[PDB]
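These notes concern the structure reproduced below.
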Amino acid sequence: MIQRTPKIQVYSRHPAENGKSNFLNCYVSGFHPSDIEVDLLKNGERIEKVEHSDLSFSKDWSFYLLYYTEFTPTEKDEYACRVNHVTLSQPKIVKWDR
Amino acid sequence: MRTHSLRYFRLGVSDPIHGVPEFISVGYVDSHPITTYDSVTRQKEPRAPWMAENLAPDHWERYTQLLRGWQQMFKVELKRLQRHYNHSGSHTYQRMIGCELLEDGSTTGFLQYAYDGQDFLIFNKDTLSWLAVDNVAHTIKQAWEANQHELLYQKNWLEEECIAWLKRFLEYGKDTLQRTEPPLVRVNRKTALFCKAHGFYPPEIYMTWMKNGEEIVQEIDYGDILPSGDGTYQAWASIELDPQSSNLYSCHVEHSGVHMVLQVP
Amino acid sequence: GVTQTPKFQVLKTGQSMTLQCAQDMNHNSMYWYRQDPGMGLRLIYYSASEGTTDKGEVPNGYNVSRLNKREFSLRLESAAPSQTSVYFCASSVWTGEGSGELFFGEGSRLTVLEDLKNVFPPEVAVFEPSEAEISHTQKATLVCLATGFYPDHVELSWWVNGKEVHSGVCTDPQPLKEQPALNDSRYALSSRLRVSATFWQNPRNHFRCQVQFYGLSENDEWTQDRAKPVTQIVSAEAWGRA
Amino acid sequence: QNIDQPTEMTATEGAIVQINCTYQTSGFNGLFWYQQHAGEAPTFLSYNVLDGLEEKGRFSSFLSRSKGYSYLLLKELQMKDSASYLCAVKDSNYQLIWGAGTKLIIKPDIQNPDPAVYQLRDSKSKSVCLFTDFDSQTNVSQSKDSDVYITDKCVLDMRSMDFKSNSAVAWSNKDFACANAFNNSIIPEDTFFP
Ligand SMILES: *[C@@H](C)CN1C(=O)CN(C[C@H](O)[C@H](O)[C@H](O)CO)c2[nH]c(=O)[nH]c(=O)c21
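Protein chains in written order, with the authors' numbering: chain B, 0 to 97; chain A, 0 to 42, 43A, 44 to 189, 196 to 270; chain E, 3 to 244; chain D, 2 to 126, 129 to 177, 179 to 198.
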């Protein structure tokens, strides 16, 4: 009954270049159980139109998800992912260090 | 070709949250979801366009009925485990079945179950026996091994039916499952050396660094293969630049039968 | 085991009819089949698990209801002659198993007719053993005949001294027709019971041939003067001789 | 998607019979054999899903998935084995496909043939003739005149005496006599008419 905490990676579909519309990806992987909650933060603000893949299963009985949303990067903006899990008391934030 | 796999997962939760279904069953070919069913929709549906384009509605009708009974089967199984374990609350029952078709034509098959994400029972199609991880599993193994007929049927499905299914899907989604998009590989500086690759399918790739012609696995920081979300994948591997010295480092990448080398000035 | 009712039924074209089936075995899957001469079993409807049903191979004119984990009822909202058949209810532990074997009910025989006008209970007569046979073989062979009955809804039994006997008995499996030309022909069926000539010569021995006939039910309207051919037993007897 | 097995097979008491079955299905998930007596519920006999012979008592079942072929083998045949044997195959969708079935007929081993025809008189005076005790080799053909009736071969077992005999019944209303009864059938020459 040992739980596994999620692994949160923040990155972009293609290499980041300011002024060109890209995609920002939050890949939450290797967590257990399947109840998870993920949001994408624009300078700390939630992003409404955020899409995600359906839940998916791993050989090692864990699960993984991909939350992604369209965006255009700017030097002014900092982007991070917020994930809450049963294994987390404080929701965790992961910044996008490009 | 390459190696291809067909897998069928089942998930059960004893105390579902509002919305979080108490049964989900998803089918994969390699890494692509092909089918989905859950206790809420109570019907089986494709997750890939080429699955629906090629399977008649009577197929989905038929397996929808089967999955409904299988969903019931799973609910009962999880109850007995929790009773056996003297467990209460929410608990997870999982089961993965599938097969592999290798490049050389050899096949593999597997079947296993897991309780609370823990390896619980593993099938062995080559000895017609079950591997129990603890006493509760052994008690289940004692019963399951009794019906010797089911073990035999298990072996046949894993070895023959599964492969036949998988081959069928390979042709159905040939233009997607059997495609290849080569990776774009660049080298960065950050101070270490980042050898990044993006936009490549299939997702399996090998990357490593070489010190003048000798690999150093210990001193290489590999990154996971992540999905870019457009159907391709990306990954990277970093290495520390010895400042007091100066060697000739080089990035090596293997992907879908192509070996590629970049050299640092 | 698996209990399905009724064993026999007679229906007029356009009637409604329901077959009961229950299983004591705590199975999840239940099936309704129709078995017809010439071809194998054909599934009508099936219930892969509680609270779920689906059409089989021939679901036209039929409907089913998974009442609970135990009962799976089959309905004929309007009977047709093309529906005359033997219906078997089966259950298995689960569907999708490999070795999951089926468990069948006793079977239900239906005969759908344009009108009940041709339903006639059998006439049963018993013929004593030939004198020649007794002194030649030391054994007495009896013969029983059921004549002019329709439809083929009979069960023939032998009753020596009030107890059903099975040893030394042979009943025709297929009852032949009295007038084979017509398709509405009456059926006739014969049987044999053989015992030691010592048994036959004892006059304190009572032999009875019983024909159980399944005809009209309790809520079947009957009009014509000739008596209602309700489900009934027709017997003929005989005693021992010199 | 079809299943093929013979219609009728006749084998002698105490001998061996091998009922064949060939199947062509989209996928395969096991091959079943069911026994079903006259007017009785079918019952499970054997399941095969991997190639090879499986033996259990007198019955044995063989599967060759590659050849799409199987057979039920019944050893030391008994009179009680007369029934229909149903060959059924599960397909890739677990849908169970039933063959037409095979009707098995066990000829008794008539030890001491005593062919003869006897007349029995009505207890409440039609009249009938009984062909009994003949060899299992003989067969009985239908009558030559409509309004004259004959039944098929019938085998009774006097289990107490360990004695079995064949029999058939013929009757009519007409004119009709026991000597003219079974003229359409090849009757043993030494048959006795009193
Ligand atoms: C939907 C068409 C996807 N399937 C399958 O096609 C078949 N399948 C296999 C099944 O579990 C075994 O062959 C059988 O129970 C013997 O071990 C399957 N299984 C799942 O658990 N989930 C699925 O979605 C499918």
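Backbone N, C-alpha and C define an ideal beta-carbon position, used for all residues, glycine too.
Query, Result
"On the premise that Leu127(A) lies in contact with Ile121(A), defined as a C-beta separation below 8 angstroms, what is that separation, rounded to the nearest angstrom?", "The pair is not a contact, with the Cβ atoms about 13 angstroms apart (cut-off 8 angstroms)."
"Counting along the chain, where does the alpha helix (DSSP H) carrying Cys161(A) start and finish?", "161-171"
"Which chain D residues are close to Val145(E), counting only those with a beta carbon under 7 angstroms from its beta carbon?", "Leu121, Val131, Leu133, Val172"
"Runs of 4 residues minimum, wholly inside the segment 110-184 of chain A: which ones carry the alpha helix (DSSP H) assignment?", "134-145, 147-155, 161-171, 173-176"
"DSSP on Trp60(B), reduced to helix/strand/coil?", "coil"
"For a test of the three-state rule: what should DSSP assign to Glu103(E), helix, strand or coil?", "coil"
"Would you say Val50(D) faces chain A, with C-beta separation under 7 angstroms as the test?", "yes"
"Is any non-hydrogen atom of ligand 1 found closer than 6 angstroms to the C-beta of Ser24(A), if you look at the structure I gave you?", "yes"
"Can you find the residues in the same chain that come closer than 6 angstroms, C-beta to C-beta, to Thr71(B), ignoring five residues on each side of it along the sequence?", "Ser20"
"In the DSSP assignment, find the unbroken beta strand (DSSP E) run with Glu239(E) in it and report its ends.", "234-241"
"Taking the alpha carbon of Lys156(D) as the point to measure from, which residue in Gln6(D), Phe137(D), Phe60(D) has its own alpha carbon closest?", "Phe137(D)"
"Buried or exposed: which applies to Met41(E), given that a residue is buried once 16 or more other Cβ atoms fall within 10 Å of its Cβ?", "exposed"
"Which residues of chain E have a Cβ atom closer than 7 angstroms to the Cβ of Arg67(A), listed in chain order?", "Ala50, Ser51, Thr54"
"Since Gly68(A) is in the alpha helix (DSSP H), which residue starts that stretch and which ends it?", "56-84"
"Can you give me the Cβ contacts of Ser80(E) inside the same chain, cut-off strictly under 6 angstroms, excluding the 5 residues immediately before and after it?", "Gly16"
"From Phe134(D), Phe29(D), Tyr35(D), pick the residue whose C-alpha is nearest to that of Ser62(D); which is it?", "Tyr35(D)"
"If you measure between the beta carbons of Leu5(A) and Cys161(A), is that distance less than 7 angstroms?", "yes"
"Hey, would you say the C-beta of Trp156(A) is under 6 angstroms away from at least one heavy atom of ligand 1?", "yes"
"Any C-beta of chain D within less than 9 angstroms: which residues of the segment 108-135 of chain E qualify?", "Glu108, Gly109, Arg111, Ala127, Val128, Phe129, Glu130, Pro131, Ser132, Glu133, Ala134, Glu135"
"Is the beta carbon of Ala197(A) sitting closer than 7 angstroms to the one on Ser250(A)?", "no"
"Give every residue of the same chain whose Cβ lies closer than 7 angstroms to the Cβ of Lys154(A), excluding the five residues on either side of it in the sequence, and list them in chain order.", "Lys124, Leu127"
"Starting from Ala92(E), trace the beta strand (DSSP E) in both directions and tell me its first and last residue.", "87-94"
"Taking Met0(A) as part of the beta strand (DSSP E), name the residues at either end of that continuous run.", "Element bounds for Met0(A): n/a, residue is neither H nor E."
"Check whether the Cβ of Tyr92(A) lies closer than 6 angstroms to any heavy atom of ligand 1, and answer yes or no.", "no"
"Between the alpha carbons of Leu32(D) and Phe197(D), how many angstroms are there, rounded?", "52 angstroms"
"Starting from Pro48(A), trace the alpha helix (DSSP H) in both directions and tell me its first and last residue.", "48-51"
"Using only the alpha-carbon positions, how far apart do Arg45(B) and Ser27(D) sit?", "52 angstroms"
"Taking the beta carbon of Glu21(A) as the centre, do at least 16 other beta carbons fall within 10 Å, making it buried, or is it exposed?", "buried"
"Any heavy atom of ligand 1 closer than 6 angstroms to the beta-carbon of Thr26(D)?", "no"
"Which residues share a DSSP beta bridge with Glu77(B)?", "Answer by DSSP bridge pairing: none, since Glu77(B) is not bridged."
"Which first and last residues belong to the beta strand (DSSP E) in which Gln11(E) is found?", "10-14"
"Report the CB separation of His84(B) from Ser61(B) in whole angstroms; it is logged as a contact under 8 angstroms.", "Going by Cβ atoms, the distance from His84(B) to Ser61(B) rounds to 12 angstroms, so no, they are not a contact pair."
"Can you list, in chain order, the residues of its chain with a C-beta nearer than 7 angstroms to that of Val12(A)? Leave out the 5 residues immediately preceding and following it.", "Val19, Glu21, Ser89, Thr91"
"Please identify the residue among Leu39(B), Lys58(B), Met0(B) whose C-alpha is closest to the C-alpha of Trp95(B).", "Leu39(B)"
"Taking DSSP's pairing of strands, which residues face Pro192(D) in a bridge?", "Looking at the DSSP assignment, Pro192(D) forms no beta bridge with any residue, so it has no partner."
"In the DSSP assignment, what are the bridge partners of residue 2(E)?", "One cannot answer for residue 2(E) here, as it falls past the ends of chain E, which runs 3 to 244."
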